[PDB]
Visitor: 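First the structure, then my questions, so here it is.
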Amino acid sequence: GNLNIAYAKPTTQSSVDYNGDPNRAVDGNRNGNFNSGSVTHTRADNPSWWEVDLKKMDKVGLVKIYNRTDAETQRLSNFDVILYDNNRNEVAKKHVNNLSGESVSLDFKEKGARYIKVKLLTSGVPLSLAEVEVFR
Ligand SMILES: CC(=O)N[C@@H]1[C@@H](O[C@@H]2O[C@@H](C)[C@@H](O)[C@@H](O)[C@@H]2O)[C@H](O[C@@H]2O[C@H](CO)[C@H](O)[C@H](O)[C@H]2O[C@@H]2O[C@@H](C)[C@@H](O)[C@@H](O)[C@@H]2O)[C@@H](CO)O[C@H]1O
Ligand SMILES: [Ca+2]
């Protein structure tokens, strides 16, 4: 029941495989079954990454990242979540080793940012996200 400022914002990612376009992580659908059409998928890049562009700077609090759930859930491990300002200067970064459940929640404590990037640190692994939600 809070405004998800990432919903329907422009997205990009390192590449696309299996028609897993990056907008699937901001489609309002948390379903993690890749066959549902809700989940992104890159090729096995060096490294794989995904990003949302808020279009303007905003003050970011909670970021909630929902994993793929039907298969290959371990791929979302050893990754950074990085905030960038309007000139793509790095303003904050958190590292996530792995998920114990279907999602992870990170609190960036009001940091001003335009872009939120999720980046695997292990190359040669596709990045698949069910949904990334971003709150003020
Ligand atoms: C259109 C089509 O047939 N799609 C296939 C993928 O198969 C479908 O998606 C899977 C996730 C399963 O639900 C499957 O039952 C369904 O048909 C196929 O994925 C692989 O499917 C095999 C079974 O045939 C295994 O389940 C394997 O784990 C699946 O691969 C994982 O999911 C993929 C989407 C990629 O992320 C892979 O890297 C994973 O290992 C793929 C790959 O053969 O091919 C599509 O064309
Ligand atoms: Ca989705």
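Here, residue 1 is the first one in the sequence, and each next residue gets the next number. Read the numbers this way: they start at 1 and go in the same order the structure lists the ligands and their atoms. Just so you know, these numbers use all the heavy atoms, side chains as well, and skip hydrogens, waters and symmetry mates.
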Visitor: How far is atom 35 (C) of ligand 1 from its nearest protein heavy atom, and which residue and atom name does that atom have?
Guide: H41 NE2, 3.5 Å
Visitor: Tell me, which protein residue and heavy-atom name are nearest atom 28 (O) of ligand 1, and how many Å apart are they?
Guide: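 Looking at atom 28 (O) of ligand 1, the protein heavy atom closest to it is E72 OE2, 4.5 Å.
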Visitor: Please check if any side-chain donor atom of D45 sits under 3.5 Å from a side-chain acceptor atom of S14, or the reverse.
Guide: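 On atom types as modelled, these side chains qualify, holding a pair under 3.5 Å.
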Visitor: Nearest to atom 38 (O) of ligand 1, what protein heavy atom do you find, and at what distance?
Guide: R75 NH2, 2.9 Å
Visitor: For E131, what is the atom name of its N, O or S atom nearest to the Ca ion (ligand 2)?
Guide: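 So the atom name we want here is OE1.
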Visitor: Between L120 and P47, what is the shortest heavy-atom contact and its length?
Guide: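 Closest approach of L120 to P47, heavy atoms only: O-CB, 3.0 Å.
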Visitor: Near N35, which atoms of ligand 1 are under 4.0 Å from a heavy atom of that residue?
Guide: 8 (C), 9 (O), 10 (C), 11 (C), 12 (C), 13 (O), 16 (C)
Visitor: Can you tell me if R24 has an N, O or S atom under 3.0 Å away from the Ca ion (ligand 2)?
Guide: yes
Visitor: If you measure from each non-hydrogen atom of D17 to ligand 1, which part falls under 4.0 Å: side chain, backbone, both or neither?
Guide: neither
Visitor: State whether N31 contributes an N/O/S atom found under 3.0 Å from the Ca ion (ligand 2).
Guide: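 For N31, the answer is no, given that no N, O or S atom comes within less than 3.0 Å of the Ca ion (ligand 2).
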Visitor: Quick one: which of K117, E90, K93 gives a side chain to side chain contact (heavy atoms under 4.5 Å, CB included) with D80?
Guide: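 Testing each of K117, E90, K93 against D80, the sole residue satisfying side chain to side chain contact (heavy atoms under 4.5 Å, CB included) is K93.
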Visitor: Please tell me if atom 15 (O) of ligand 1 is touched by the protein, where touching means a protein heavy-atom distance below 4.0 Å.
Guide: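 Protein heavy atom within 4.0 Å of atom 15 (O) of ligand 1: absent.
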Visitor: At a non-hydrogen distance cut-off of under 4.0 Å, which region of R43 contacts ligand 1 (side chain, backbone, both, or neither)?
Guide: neither
Visitor: Does the protein put a heavy atom less than 4.0 Å from atom 20 (C) of ligand 1?
Guide: no
Visitor: Could you walk me through whether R30 and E133 satisfy the salt bridge (charged side-chain N to carboxylate O under 4.0 Å, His left out) test, starting with their C-alpha distance in whole Å, then the side-chain angles of each, then the deciding distance to 0.1 Å, before giving a yes or no?
Guide: CA-CA 9 Å; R30 296 170 179 175; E133 297 181 345; 2.9 Å; yes
Visitor: Within a distance of under 4.0 Å, is there any protein heavy atom near atom 1 (C) of ligand 1?
Guide: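 Under 4.0 Å from atom 1 (C) of ligand 1, zero protein heavy atoms found.
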Visitor: Do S77 and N98 have a side chain donor and acceptor closer than 3.5 Å?
Guide: no
Visitor: Just checking: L129, one of its N/O/S atoms, less than 3.0 Å away from the Ca ion (ligand 2), yes or no?
Guide: no
Visitor: Supply the atom-to-atom distance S48 OG to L121 CG, rounded to the nearest 0.5 angstrom.
Guide: 11.0 Å
Visitor: Out of the N/O/S atoms in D27, what is the name of the one closest to the Ca ion (ligand 2)?
Guide: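 Atom name returned: OD1.
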Visitor: If we only count heavy atoms from C-beta on, is the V16 to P22 side-chain gap below 4.5 Å?
Guide: yes
Visitor: State, yes or no, whether a side-chain contact exists between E72 and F34 at a heavy-atom distance under 4.5 Å.
Guide: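 SC-SC contact between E72 and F34 ruled out.
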Visitor: In the structure I gave you, are the side-chain heavy atoms of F79 and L99 within less than 4.5 Å of one another anywhere?
Guide: yes
Visitor: Have a look at the Ca ion (ligand 2) and estimate, to 10 degrees, the angle subtended by O (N29) and OG (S38).
Guide: 60°
Visitor: Please write down residue, atom name and distance for the protein heavy atom closest to atom 45 (C) of ligand 1.
Guide: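 The closest one turns out to be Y18 CE2, 3.8 Å.
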Visitor: Heavy-atom contacts with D70 under 4.0 Å: which atoms of ligand 1 show up? List them by number with element.
Guide: 11 (C)
Visitor: Is atom 4 (N) of ligand 1 in close reach of the protein, with a heavy atom under 4.0 Å away?
Guide: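 It does not; no protein heavy atom is within 4.0 Å.
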Visitor: Taking side chain as C-beta onward, heavy atoms only, is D53 less than 4.5 Å from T12?
Guide: no
Visitor: Run the side-chain contact (heavy atoms from CB on, under 4.5 Å) check on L54 and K56 step by step: do they pass?
Guide: CA-CA 5 Å; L54 299 181; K56 307 183 178 225; 5.9 Å; no
Visitor: What I'd like to find out is whether the side chain of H95 reaches to under 4.5 Å of the side chain of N78, using heavy atoms alone.
Guide: yes
Visitor: My question is simple, although I want it checked carefully: is atom 10 (C) of ligand 1 less than 4.0 angstrom from any protein heavy atom?
Guide: yes
Visitor: Provide, to 0.1 Å, the distance between atom 31 (C) of ligand 1 and the closest protein heavy atom, together with that atom's residue and name.
Guide: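 Of every protein heavy atom, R68 NH2, 3.9 Å lies nearest to atom 31 (C) of ligand 1.
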